[PDB]
Amino acid sequence: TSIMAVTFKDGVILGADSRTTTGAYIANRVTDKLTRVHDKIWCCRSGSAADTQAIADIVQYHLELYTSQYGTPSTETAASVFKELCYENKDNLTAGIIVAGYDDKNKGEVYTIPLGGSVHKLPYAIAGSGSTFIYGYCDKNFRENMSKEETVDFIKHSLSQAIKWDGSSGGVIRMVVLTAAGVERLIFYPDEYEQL
Amino acid sequence: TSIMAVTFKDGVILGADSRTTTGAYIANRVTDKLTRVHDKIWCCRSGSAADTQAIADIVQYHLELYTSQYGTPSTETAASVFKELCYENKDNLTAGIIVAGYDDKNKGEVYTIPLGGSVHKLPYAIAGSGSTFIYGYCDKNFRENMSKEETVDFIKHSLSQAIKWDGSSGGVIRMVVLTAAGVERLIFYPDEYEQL
Amino acid sequence: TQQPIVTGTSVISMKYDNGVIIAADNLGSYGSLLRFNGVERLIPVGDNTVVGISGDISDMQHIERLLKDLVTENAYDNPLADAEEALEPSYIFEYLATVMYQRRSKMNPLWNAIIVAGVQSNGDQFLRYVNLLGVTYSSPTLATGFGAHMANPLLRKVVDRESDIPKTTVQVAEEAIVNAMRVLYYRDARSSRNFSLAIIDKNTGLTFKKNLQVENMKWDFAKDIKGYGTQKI
Amino acid sequence: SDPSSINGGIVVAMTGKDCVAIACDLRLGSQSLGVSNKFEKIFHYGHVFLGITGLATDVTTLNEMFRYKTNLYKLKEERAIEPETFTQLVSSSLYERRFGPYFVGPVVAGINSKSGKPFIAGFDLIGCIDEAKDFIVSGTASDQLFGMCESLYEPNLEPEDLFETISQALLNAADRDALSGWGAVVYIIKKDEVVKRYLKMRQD
Amino acid sequence: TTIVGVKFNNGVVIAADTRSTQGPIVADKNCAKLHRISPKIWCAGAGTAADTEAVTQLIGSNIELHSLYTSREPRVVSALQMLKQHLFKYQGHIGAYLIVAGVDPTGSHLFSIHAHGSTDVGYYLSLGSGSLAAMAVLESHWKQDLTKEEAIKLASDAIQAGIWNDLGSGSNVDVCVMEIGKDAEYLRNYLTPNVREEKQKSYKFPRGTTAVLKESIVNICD
Amino acid sequence: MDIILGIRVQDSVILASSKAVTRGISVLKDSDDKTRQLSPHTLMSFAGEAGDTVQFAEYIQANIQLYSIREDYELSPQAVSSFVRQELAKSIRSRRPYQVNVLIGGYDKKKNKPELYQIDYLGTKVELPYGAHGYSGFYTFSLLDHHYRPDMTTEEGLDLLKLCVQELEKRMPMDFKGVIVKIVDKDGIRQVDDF
Amino acid sequence: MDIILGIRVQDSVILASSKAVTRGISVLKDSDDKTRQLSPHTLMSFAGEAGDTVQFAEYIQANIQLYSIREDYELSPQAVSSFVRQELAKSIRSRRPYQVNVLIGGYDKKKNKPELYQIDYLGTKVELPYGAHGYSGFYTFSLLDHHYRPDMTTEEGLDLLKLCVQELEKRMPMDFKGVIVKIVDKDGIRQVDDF
Amino acid sequence: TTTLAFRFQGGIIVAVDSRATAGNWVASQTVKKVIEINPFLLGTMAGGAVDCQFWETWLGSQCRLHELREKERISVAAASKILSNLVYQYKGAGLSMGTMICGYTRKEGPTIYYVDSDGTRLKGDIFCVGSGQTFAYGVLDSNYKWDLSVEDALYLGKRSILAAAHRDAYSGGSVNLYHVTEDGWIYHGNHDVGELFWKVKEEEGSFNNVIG
Amino acid sequence: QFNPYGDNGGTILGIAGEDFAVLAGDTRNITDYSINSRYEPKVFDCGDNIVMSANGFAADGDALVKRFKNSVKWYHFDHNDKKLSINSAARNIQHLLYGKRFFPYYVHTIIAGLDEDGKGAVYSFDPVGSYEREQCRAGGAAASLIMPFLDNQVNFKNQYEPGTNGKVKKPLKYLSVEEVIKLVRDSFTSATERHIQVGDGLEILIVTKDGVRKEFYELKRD
Ligand SMILES: *[C@@](C)(CO)[C@](*)(O)[C@H](Cc1ccccc1)NC(=O)[C@H](Cc1ccc(OC)cc1)NC(=O)[C@H](C)NC(=O)CN1CCOCC1
Ligand SMILES: *[C@@](C)(CO)[C@](*)(O)[C@H](Cc1ccccc1)NC(=O)[C@H](Cc1ccc(OC)cc1)NC(=O)[C@H](C)NC(=O)CN1CCOCC1
Ligand SMILES: *[C@@](C)(CO)[C@](*)(O)[C@H](Cc1ccccc1)NC(=O)[C@H](Cc1ccc(OC)cc1)NC(=O)[C@H](C)NC(=O)CN1CCOCC1
Ligand SMILES: *[C@@](C)(CO)[C@](*)(O)[C@H](Cc1ccccc1)NC(=O)[C@H](Cc1ccc(OC)cc1)NC(=O)[C@H](C)NC(=O)CN1CCOCC1
Ligand SMILES: [Mg+2]
Ligand SMILES: [Mg+2]
Ligand SMILES: [Mg+2]
Ligand SMILES: [Mg+2]
């Protein structure tokens, strides 16, 4: 994997490639690594497909139950539930999860949860095998309060480079826009992003 | 290490950080990783300090002897001698060497020699532990036939990011300019490059 | 005993009615890092043989030097170096096969899989494989790495046995090869889009095509896939 | 320390024309030491025949266990268990020990008393059913048995011909295996008579 | 094994070869790797043969009880969820690799499941030792808007690639078509392109060839 | 431990068990009885891991004695052997298995027949005319294949046994300090004092 | 191999060496002489790794015999022991060392004195009144500490030796098939036939 | 393998089985484990097949060269020691050989030397060697006397290999018999266990463990 | 760590008649679960009426065959063009194989031809050089499947004369070239069914006093 989430003026955008590997064989070249845990709380998954999937399914259950009793959960709450699972089962999991969501009070928020099970709230976050290659780029090109179109370009260019160097990353770039407007799914094919 | 060499209009520039580590302890924070093997053929050294040092000393000997018999060697010749040592002793060495030199016929040339002992001629080259973090940046920002000042900025910014993320890299940035004019040593201190 | 560092992935090849085709992408991987992108892994020897090499690139470069040196040595005191006593594909192959097996026998292999494709002086097509173990075999279609698993099945639908070779044209054969290279780009995590292709024909000679790309890729269906089971948004 | 080849043994079963055959060797050893030349590996519960190869303590245990279950089956169902049903019972019981398995290679053989169809089946140690028209093999000389059966076998053999075929398959396979042999038993099974013959084979 | 799944206009088709192996030996030349979970949800299995059988029956059993409880026809996502949660619980020690396909009130579906409990979605999928041979055919010929007959052709072509080019696959081709509105049709031995040639000789022995020591009538009666 | 033999003849079962108990480079005892009477017409010899052997023998002994008291009846050698096998078959999949091999020699009073059962620690049972555990078998089985006859007297069985002990003392690397011999017949269990 | 002893008394040196040669679970021989006469008044017993023992003994024997012929003179027990030690000291740092322990018993004709040298495979030499190699020492050294006196006769030395062999046959786990005894005195080397 | 050879009143008996194994796979049932070095010298083979075959055929070449150089047939002691010194040079390399060098010379009389790959070399009257040696020892030792007739000794050797062929899973095939006298070795035929077992069972009344 | 060996599969078969001998072998070459070639011959005419096959690890097999062919060539040069008898070839091959006792050729080797009395001969070797002449031998992957069939059908093992109370054995007799080729083809079709590394093609070399003839037959390609 290459995955990232970026806050901006109107909310937050999650981005991800679509490559799933079993060794050097590509098991699935059109994978959806962007998964919904609530209306406007989504996460990007890196590491073990089985572990991140089972975690995400449990989190979705917890937030559905939270919603029925206490109303819409904060993005921070969602991240805390991810953490509780990742931290307490750290010996049995290989999951690097980025959480992103849109409140109306708090706007766009991004929380990253690396292998240890620690939580880190950030303006933007990168993760997965391909993220190593774009630390320099993303640090140099990220600004706060970007526009939607600026943020889409930032993610598209960033993941393009990650994909270009990381063999474990590739295929299409999927993105998910989280704003007051609603939820927008985006997709960008190789022919477009390769020659950026 | 973070090291790189970049060709440009007037010749070639080699750049490097100054950090030497024994584990997490910094044995030397003002190391000179840019070493002369001939008047206008230099190399950047990554990997084992002992191995790269012994190799460089042997190469310097070979090119001094070459010079006495056949005149000034090409940059390609220097790279071939590095390769011959790195390839034939691949089981006993941990050396990742970048070779850069200035002919008057061939202008600036850069050859990279990774762990295997293979040779790769390139417009620019990056290597060392910190280079992983600037693949995305360098690919996006490198142009051919840059000016001296543009190339100095490219290296300064690139190594600044490598230093920022790689714990095994740091200290000052040293650079060496190879042109028809001569040989110019440059140095850039943390206070300058950190806040780029 | 080695371990390969900078590597090249699949080399694929097949026979057709008049000649042979061979192809290989232009990538030099460094583990999962796609480090080098201008690597030529098809190396012609004379105008009647192409050697395609996969595996460790430093060892490939060494083999390049051997073949280049072989041409030089063959020319020495040889008035018929460009005629009756020119290097044949069978000569080049057996030399490599000899070297490979000696190196494995000294527990110091050249970490490669090689396919020698060419046309003999009598017009016969030559296609034979050799690897780090010194294992050799011949077939109407040959491939290395992932190529063996994904290309061969496709190429064998065209030439399934010896008698299918006269029936196969160069247009059909090249199409199958280019299609195979696309499939490998979809499914091999250490492949690249850019590749080189070489035809050695008994009439038209050696055509060496560089800077080819995989095109006509199906990706559009991706926009319909959501989640991993129960997701609808 | 490979449980499947400490004691040794083989079982083979074939179908014929309105009949089935099941055969086994008689050896029980402790690796190189031959210990018993009387150790039979075929048992029956009513008209359903079960042969079991592998670790002898499990062979014995499983026999005792299936006797147990088929006896309760019969008391409650008020009828003898059929080969198709018994095959499923074996599969269930073996898979119940998925992560602490019996080290065995069972083979079911019998004629359905209602439809009159000949039925054979085999399993791995963990329960996977291997149903077959022609033949099933099991034991330390299974490679050999597969080779003999695949060349010697033909469909629709009469009981007296099938006997010669299954016997020759077993005998010549056992003679190419160090842990199999030391005697042999062959069951020829027809709709309502069962003949049991002990074979003369080389005793080395 | 080689197993495949292919979506088309009004449904989904799955196919499989019919070889079972024990090391380099062919244990079974014609086993059925296509399992019924419910009438209109079928499952193709690769990996540990007993695990694919056991896990498919267990979930099929619970799916039936669930279908009775809810007075509703079972959904593919229910089988998917139950299988994946079960396999995950055992951390891959149950070596089942499955392609799950079927039609339900929601539509037609195609999923894959790996032994550690990860699931994927696709228009075309392949699992098993011959999955790469099959996937090469699927990547070469698959398109959007396949007809029923085009999908069957593609699926069996993908399985054939496995049969011929993979040593872990052989013998025949089984197919199951699940179309919306209709019954699922299980096409056992849809193709049989590996028929054993006539043997040169008959090895039926002269009667009395085998030396016998003892005879006895066995009592199966009461 | 190490050497335990058994020979079933016409009218009796003869068990021979070595007397040595060794640990390290010291023979701690040279007069050890490696047997327990399970019931008046049933005797069990044992060999294997230290501690386990006796603990197992005495556990089996108590169980059979409990049965005898409860039913006021002696269990058949076949039934005792089946009970013992089942216990060992349980044991092998336990947390710590009993590493004990046994021979059960008994006279069945209902059949008027001697019976010899060989059972290893895995729970592998066989009825034999003659039996052995450990390396002993590698010499005795072939010797008995040659010299043993089914219709032999108790006296002929003892001569056949001396022939086994002689061969073992000649070719075995360890000093096992001779054997204690016991006979099991219709009149019960008795020990031969001079061997 | 395994058991080799030595006792130096007033006027002689007595060497006792076990007769058994074993491999696996078979005693292949029960009459093996684990000794070589190096010279008329010098005898070497040996024990250790199979093959090495004899190869080493015979190699040493040839060398000493060569010396005797060249100088027409017998080397002193002290000199022979020093030669043997040096060979073993070389061996231990070789590619494949001789894994052989020895006892050298000799009568020095110049001093008119018996001498007993104990040398292990590492090349560790000591002159002793009594010596042993292997597990034997763990029983015999303490026994001899108690019963041995420096002024004993050859006959008293043999009784003291019987006392050692008796203890070993009682407490040692392996059957070593008795010993061959040899005496080394002013009149040369002779073997006791009944022991 | 089971092999034996023993000394008695009337010379030397040598008997061997004929099975070759590759693990539990039976490789052959018709293998020659005795080599006739010369008319007065025999060699038996147990362990690695080629190790024994190659080096005992080599031994024969060395014995042949000795009689060309010395105009005299090599002693059993010297022939056995050539083989033992050879294998000792290879000690540690992983050779596997259990051999017996049997023969007659005027100066020695009938003589048997046991030679193995650890470098052990032993003169003796009786040896059994191989995976089935213990089974052979059991029968031989309990029926051996010095005063056996040639007829009885021949049979005892045959019966001892048969005993091992039966019990030892890694022995069988057939018995090869030899008798060695002052006049050289005499071959006493190949005896397939397939027929011999039943012939012996019936005539001797033994092997009552088997279902007859 | 570098593993200098590999398994290229295949299987070979030698049968000897009265005045002829056959050496058969399948033409399939494999590594792991892949087919490298459907027609890669491994039975060779080596001159002097000797045919040879070295099955197992192909690189070691080709190396050995190549060296023996060379051995025959130098035998002619050094000994006045004398014919290398089959027994002499066998012994020569023992020394080739044993020369690498501590780094073996991973091959089971078979040669066939005629002895010095004009009778058919088959010699077979282990990987390190031990050899034996037989009427009958299979080698390689499916040896375990084929060999007991040959024991039964060529040497008539376990076959008694009918009605003789299992007392009189079926008598040994030489087989015709027609009968031998039937057994070869049935042996290989049987082996092909049940072993995954055996298939594609069968190639037989027949050796008479008139020379070496070839015969080829298709095998199942799954
Ligand atoms: C990239 C490859 C590297 O981080 C991504 O993290 C990617 C994330 C992903 C993929 C699909 C769906 C959601 C998220 N990870 C993978 O594709 C993953 C590679 C991986 C496997 C195991 C790991 O540690 C245990 C870490 C990364 N692929 C898989 O999980 C596939 C489906 N399964 C296997 O490869 C089988 N594994 C199971 C665990 O044991 C090793 C073999
Ligand atoms: C960075 C750290 C990572 O590539 C650079 O390559 C840097 C290069 C350098 C440093 C000084 C002078 C010239 C070039 N490498 C190091 O600083 C190096 C770290 C390193 C050590 C060993 C390696 O593989 C064998 C690879 C990288 N530091 C050293 O060599 C120091 C001086 N020595 C040690 O740490 C002692 N080593 C010796 C080898 O065994 C491990 C302990
Ligand atoms: C192809 C043939 C793989 O080569 C398929 O995946 C096939 C799937 C299948 C499904 C249902 C019915 C038949 C066949 N898999 C097998 O046939 C499978 C191959 C396999 C064996 C063992 C494995 O783990 C080491 C993994 C894959 N064969 C079996 O399951 C056979 C019947 N069983 C055994 O060999 C017993 N093994 C099972 C695993 O545990 C150890 C003992
Ligand atoms: C009995 C049967 C026990 O094996 C005998 O010892 C028998 C003796 C014998 C003598 C001459 C001719 C044939 C047989 N030994 C074998 O049959 C022997 C068993 C054995 C194998 C390997 C060993 O390794 C140290 C030791 C003993 N079998 C073989 O030699 C077989 C035919 N060949 C191989 O196993 C090939 N191996 C040999 C060792 O190197 C690797 C390849
Ligand atoms: Mg990529
Ligand atoms: Mg057998
Ligand atoms: Mg046997
Ligand atoms: Mg096949």
# chains A, B, ... in the order shown; residues from 1 in each chain; ligands from 1
>>> residues_near_ligand(ligand="ligand 5", cutoff="7 Å", atoms="only C-alpha atoms and all ligand atoms", output="list in words")
residues 163, 164, 165, 166, 167, 168, 169 and 170 of chain A; 189 of chain C
>>> write_last_selection(atoms="N, CA, C and O atoms", output="compact mmCIF listing (two decimals), in the first residue's frame")
# COMPACT_ATOMS: atom_id res chain seq x y z
N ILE A 163 3.26 5.35 -6.08
CA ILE A 163 3.00 4.28 -7.05
C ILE A 163 4.18 4.05 -7.99
O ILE A 163 4.52 2.90 -8.31
N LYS A 164 4.81 5.14 -8.44
CA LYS A 164 5.92 5.07 -9.39
C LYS A 164 7.14 4.33 -8.86
O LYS A 164 7.85 3.67 -9.62
N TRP A 165 7.39 4.43 -7.55
CA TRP A 165 8.58 3.84 -6.94
C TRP A 165 8.30 2.56 -6.16
O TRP A 165 9.12 1.65 -6.16
N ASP A 166 7.16 2.50 -5.49
CA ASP A 166 6.77 1.31 -4.73
C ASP A 166 6.12 0.27 -5.64
O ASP A 166 5.09 0.54 -6.27
N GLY A 167 6.73 -0.91 -5.71
CA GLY A 167 6.16 -2.03 -6.47
C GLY A 167 4.91 -2.59 -5.82
O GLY A 167 4.05 -3.15 -6.50
N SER A 168 4.81 -2.44 -4.50
CA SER A 168 3.63 -2.90 -3.75
C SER A 168 2.44 -1.95 -3.90
O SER A 168 1.39 -2.19 -3.29
N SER A 169 2.60 -0.89 -4.68
CA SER A 169 1.52 0.06 -4.94
C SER A 169 1.30 0.24 -6.44
O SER A 169 2.25 0.17 -7.23
N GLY A 170 0.05 0.47 -6.82
CA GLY A 170 -0.28 0.65 -8.23
C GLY A 170 -1.76 0.59 -8.53
O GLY A 170 -2.59 0.64 -7.62
N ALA C 189 4.07 -7.47 -9.81
CA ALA C 189 4.39 -6.28 -9.02
C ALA C 189 5.82 -5.76 -9.23
O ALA C 189 6.16 -4.68 -8.72
>>> residues_near_ligand(ligand="ligand 7", cutoff="7 Å", atoms="only C-alpha atoms and all ligand atoms", output="JSON, numbers by chain")
{"D": [178, 204], "H": [165, 166, 167, 168, 169, 170, 171, 172]}
>>> closest_atom_pairs(of="chain F", to="chain D", cutoff="8 Å", atoms="only C-alpha atoms", output="Markdown table")
| residue | atom | partner | partner_atom | distance |
| --- | --- | --- | --- | --- |
| F:89 | CA | D:57 | CA | 6.8 |
| F:122 | CA | D:57 | CA | 6.3 |
| F:123 | CA | D:57 | CA | 5.2 |
| F:124 | CA | D:57 | CA | 4.5 |
| F:125 | CA | D:57 | CA | 7.4 |
| F:126 | CA | D:36 | CA | 7.2 |
| F:128 | CA | D:36 | CA | 7.5 |
| F:137 | CA | D:33 | CA | 8.0 |
| F:138 | CA | D:33 | CA | 7.0 |
>>> select_by_dssp(residues="segment 78-130 of chain G", states="alpha helix (DSSP H)", output="ChimeraX atom specification")
/G:78-91
>>> closest_atom_pairs(of="chain F", to="chain G", cutoff="9 Å", atoms="only C-alpha atoms", output="tab-separated table")
residue	atom	partner	partner_atom	distance
F:20	CA	G:173	CA	8.8
F:22	CA	G:173	CA	6.7
F:23	CA	G:173	CA	8.5
F:24	CA	G:173	CA	8.1
F:25	CA	G:172	CA	5.9
F:26	CA	G:171	CA	5.2
F:27	CA	G:171	CA	4.9
F:28	CA	G:171	CA	7.5
F:29	CA	G:171	CA	8.9
F:30	CA	G:170	CA	8.8
F:135	CA	G:25	CA	7.4
F:169	CA	G:175	CA	8.4
F:170	CA	G:27	CA	7.4
F:171	CA	G:27	CA	4.8
F:172	CA	G:26	CA	5.7
F:173	CA	G:174	CA	5.8
F:174	CA	G:174	CA	3.9
F:175	CA	G:175	CA	4.7
F:176	CA	G:173	CA	7.8
>>> residues_near_ligand(ligand="ligand 3", cutoff="6 Å", atoms="only C-alpha atoms and all ligand atoms", output="NGL selection string")
(:D and (124)) or (:E and (1 or 19-22 or 33 or 45-50 or 52 or 128-129 or 168-169))
>>> write_last_selection(atoms="N, CA, C and O atoms", output="PDB file, in the first residue's frame")
ATOM      1  N   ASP D 124      -8.304 -38.825   3.735  1.00  0.00           N
ATOM      2  CA  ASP D 124      -7.055 -38.441   4.389  1.00  0.00           C
ATOM      3  C   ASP D 124      -7.272 -38.522   5.907  1.00  0.00           C
ATOM      4  O   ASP D 124      -8.390 -38.777   6.366  1.00  0.00           O
TER       5      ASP D 124
ATOM      6  N   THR E   1      -5.307 -27.294  -7.223  1.00  0.00           N
ATOM      7  CA  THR E   1      -6.465 -26.637  -7.921  1.00  0.00           C
ATOM      8  C   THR E   1      -6.323 -25.434  -8.863  1.00  0.00           C
ATOM      9  O   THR E   1      -5.268 -24.823  -8.983  1.00  0.00           O
ATOM     10  N   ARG E  19      -9.068 -32.292 -10.318  1.00  0.00           N
ATOM     11  CA  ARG E  19      -7.913 -33.048  -9.819  1.00  0.00           C
ATOM     12  C   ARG E  19      -7.689 -32.816  -8.326  1.00  0.00           C
ATOM     13  O   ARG E  19      -7.739 -31.680  -7.856  1.00  0.00           O
ATOM     14  N   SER E  20      -7.433 -33.898  -7.595  1.00  0.00           N
ATOM     15  CA  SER E  20      -7.006 -33.828  -6.197  1.00  0.00           C
ATOM     16  C   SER E  20      -5.640 -34.492  -6.076  1.00  0.00           C
ATOM     17  O   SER E  20      -5.393 -35.516  -6.714  1.00  0.00           O
ATOM     18  N   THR E  21      -4.757 -33.918  -5.260  1.00  0.00           N
ATOM     19  CA  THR E  21      -3.374 -34.391  -5.175  1.00  0.00           C
ATOM     20  C   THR E  21      -2.904 -34.660  -3.749  1.00  0.00           C
ATOM     21  O   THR E  21      -3.332 -33.999  -2.802  1.00  0.00           O
ATOM     22  N   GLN E  22      -2.013 -35.642  -3.624  1.00  0.00           N
ATOM     23  CA  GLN E  22      -1.268 -35.907  -2.395  1.00  0.00           C
ATOM     24  C   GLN E  22       0.214 -35.906  -2.747  1.00  0.00           C
ATOM     25  O   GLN E  22       0.760 -36.924  -3.183  1.00  0.00           O
ATOM     26  N   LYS E  33     -15.216 -29.928  -6.753  1.00  0.00           N
ATOM     27  CA  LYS E  33     -14.748 -28.809  -5.937  1.00  0.00           C
ATOM     28  C   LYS E  33     -15.802 -27.708  -5.840  1.00  0.00           C
ATOM     29  O   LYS E  33     -15.602 -26.713  -5.140  1.00  0.00           O
ATOM     30  N   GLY E  45     -13.681 -24.295  -4.037  1.00  0.00           N
ATOM     31  CA  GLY E  45     -12.690 -24.441  -2.970  1.00  0.00           C
ATOM     32  C   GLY E  45     -11.304 -24.865  -3.418  1.00  0.00           C
ATOM     33  O   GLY E  45     -11.151 -25.763  -4.246  1.00  0.00           O
ATOM     34  N   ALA E  46     -10.293 -24.205  -2.859  1.00  0.00           N
ATOM     35  CA  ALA E  46      -8.895 -24.584  -3.045  1.00  0.00           C
ATOM     36  C   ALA E  46      -8.188 -24.553  -1.694  1.00  0.00           C
ATOM     37  O   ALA E  46      -8.686 -23.955  -0.739  1.00  0.00           O
ATOM     38  N   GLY E  47      -7.025 -25.191  -1.624  1.00  0.00           N
ATOM     39  CA  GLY E  47      -6.290 -25.329  -0.369  1.00  0.00           C
ATOM     40  C   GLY E  47      -6.532 -26.697   0.239  1.00  0.00           C
ATOM     41  O   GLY E  47      -6.726 -27.674  -0.484  1.00  0.00           O
ATOM     42  N   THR E  48      -6.527 -26.766   1.569  1.00  0.00           N
ATOM     43  CA  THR E  48      -6.737 -28.028   2.282  1.00  0.00           C
ATOM     44  C   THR E  48      -8.147 -28.560   2.008  1.00  0.00           C
ATOM     45  O   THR E  48      -9.136 -27.931   2.381  1.00  0.00           O
ATOM     46  N   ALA E  49      -8.219 -29.722   1.361  1.00  0.00           N
ATOM     47  CA  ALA E  49      -9.480 -30.271   0.840  1.00  0.00           C
ATOM     48  C   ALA E  49     -10.555 -30.480   1.906  1.00  0.00           C
ATOM     49  O   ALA E  49     -11.733 -30.202   1.670  1.00  0.00           O
ATOM     50  N   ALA E  50     -10.150 -30.978   3.071  1.00  0.00           N
ATOM     51  CA  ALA E  50     -11.077 -31.196   4.179  1.00  0.00           C
ATOM     52  C   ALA E  50     -11.595 -29.884   4.761  1.00  0.00           C
ATOM     53  O   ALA E  50     -12.754 -29.800   5.173  1.00  0.00           O
ATOM     54  N   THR E  52     -11.960 -26.978   3.107  1.00  0.00           N
ATOM     55  CA  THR E  52     -12.920 -26.408   2.158  1.00  0.00           C
ATOM     56  C   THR E  52     -14.269 -27.115   2.276  1.00  0.00           C
ATOM     57  O   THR E  52     -15.314 -26.477   2.197  1.00  0.00           O
ATOM     58  N   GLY E 128      -6.193 -20.821  -6.442  1.00  0.00           N
ATOM     59  CA  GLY E 128      -5.554 -22.134  -6.558  1.00  0.00           C
ATOM     60  C   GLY E 128      -4.192 -22.082  -7.225  1.00  0.00           C
ATOM     61  O   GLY E 128      -3.752 -21.025  -7.676  1.00  0.00           O
ATOM     62  N   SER E 129      -3.527 -23.234  -7.290  1.00  0.00           N
ATOM     63  CA  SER E 129      -2.196 -23.339  -7.903  1.00  0.00           C
ATOM     64  C   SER E 129      -2.194 -22.920  -9.374  1.00  0.00           C
ATOM     65  O   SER E 129      -1.201 -22.383  -9.869  1.00  0.00           O
ATOM     66  N   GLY E 168      -0.755 -28.949 -10.837  1.00  0.00           N
ATOM     67  CA  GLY E 168      -1.675 -29.091  -9.713  1.00  0.00           C
ATOM     68  C   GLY E 168      -3.133 -29.148 -10.131  1.00  0.00           C
ATOM     69  O   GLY E 168      -4.017 -29.180  -9.276  1.00  0.00           O
ATOM     70  N   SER E 169      -3.385 -29.156 -11.441  1.00  0.00           N
ATOM     71  CA  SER E 169      -4.743 -29.173 -11.979  1.00  0.00           C
ATOM     72  C   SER E 169      -4.830 -30.072 -13.204  1.00  0.00           C
ATOM     73  O   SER E 169      -3.863 -30.199 -13.961  1.00  0.00           O
TER      74      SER E 169
END
>>> residues_around(residues="residue 62 of chain F", least_positions_apart="5", cutoff="12 Å", atoms="only C-alpha atoms", output="JSON, numbers by chain")
{"F": [36, 37, 38, 39, 55, 56, 57, 67, 68, 69]}
>>> atom_distance(atom1="atom CA of residue 86 of chain C", atom2="atom CA of residue 122 of chain C")
12.6 Å
>>> residues_near_ligand(ligand="ligand 2", cutoff="6 Å", atoms="only C-alpha atoms and all ligand atoms", output="ChimeraX atom specification")
/B:1,20-22,33,45-49,94,128-129,168
>>> closest_residue(among="D:179, D:129, D:149, D:107", to="residue 164 of chain D", atoms="only C-alpha atoms")
D:149
>>> residues_near_ligand(ligand="ligand 4", cutoff="8 Å", atoms="only C-alpha atoms and all ligand atoms", output="ChimeraX atom specification")
/H:1-2,17-23,27-28,31-33,45-53,94-98,130-132,170-172 /I:101,104,126-128,130
>>> residues_around(residues="residue 190 of chain H", least_positions_apart="6", cutoff="9 Å", atoms="only C-alpha atoms", output="compact mmCIF listing (two decimals) with C-alpha atoms, in the first residue's frame")
# COMPACT_ATOMS: atom_id res chain seq x y z
CA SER H 174 17.59 -64.27 -1.06
CA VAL H 175 20.45 -66.01 0.76
CA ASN H 176 23.84 -66.33 -0.95
CA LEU H 177 25.98 -69.09 0.60
>>> interface_residues(of="chain D", to="chain I", cutoff="6 Å", atoms="only C-alpha atoms", output="compact mmCIF listing (two decimals) with C-alpha atoms, in the first residue's frame")
# COMPACT_ATOMS: atom_id res chain seq x y z
CA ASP D 143 2.46 -45.10 -4.54
CA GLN D 144 2.98 -48.75 -5.50
CA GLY D 147 0.58 -47.91 -9.96
CA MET D 148 -0.66 -51.51 -9.74
CA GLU D 150 -4.13 -48.09 -12.47
CA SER D 151 -2.63 -50.69 -14.84
CA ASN D 172 3.32 -56.83 -5.78
CA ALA D 173 3.00 -53.41 -4.11
